[PDB]
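So this first bit is one chain, no partners, the form deposited in one PDB entry, shown in structure tokens.
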């Protein structure tokens, strides 16, 4: 049979100001998504069974967010892209590695005609 993929986990936590100021230290962890733009963050390949952790937030507005997995071009839909209010709270989640491959974090502003978004993000994995 084809691999069964684990359901992702998602949660929020209330301290956004502290997150941003912490993430602001590394300037490359903060990216501007232009009007009508989609920025895809590609996480380096890791071993099966591990977990990817992601966190993100924005300043003044919501942004579209989803997660796909690219096998070592087959893609799987982990977290469907949807708009989140990550300006109100820090958004975080996790997924178990189905196999060896690249994770794609989609920050999707494509619906926004007049507004650029500032995205503060961070990622971990388990050894």
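Numbering follows the first chain given and starts at 1. Take the two forms, find the largest set of C-alpha atoms that superpose within 1.5 Å, and that set is the rigid core.
Where coordinates are absent for parts of the deposited sequence, a chain break appears; between neighbours residue 60 and residue 61 there is no such break. Between 14-22 and 114-122, the higher mean Cα B-factor belongs to 14-22. As listed in the deposited structure, the average C-alpha B-factor of 94-102 and of 77-85 is greater for 94-102.
Within the selection 27, 43, 67, 39, the deposited Cα B-factor values reach their highest point at 27.
Missing here is the form deposited in another entry; even so, the following discussion is about that form.
With the rigid core aligned between the shown form and the other one, the listed residues 37, 85, 47, 59 include just one Cα displaced by at least 2 Å, namely that of 47.
In that other deposited form, the CA atoms of residue 100 and residue 28 move farther apart by at least 3 angstroms compared with the shown structure.
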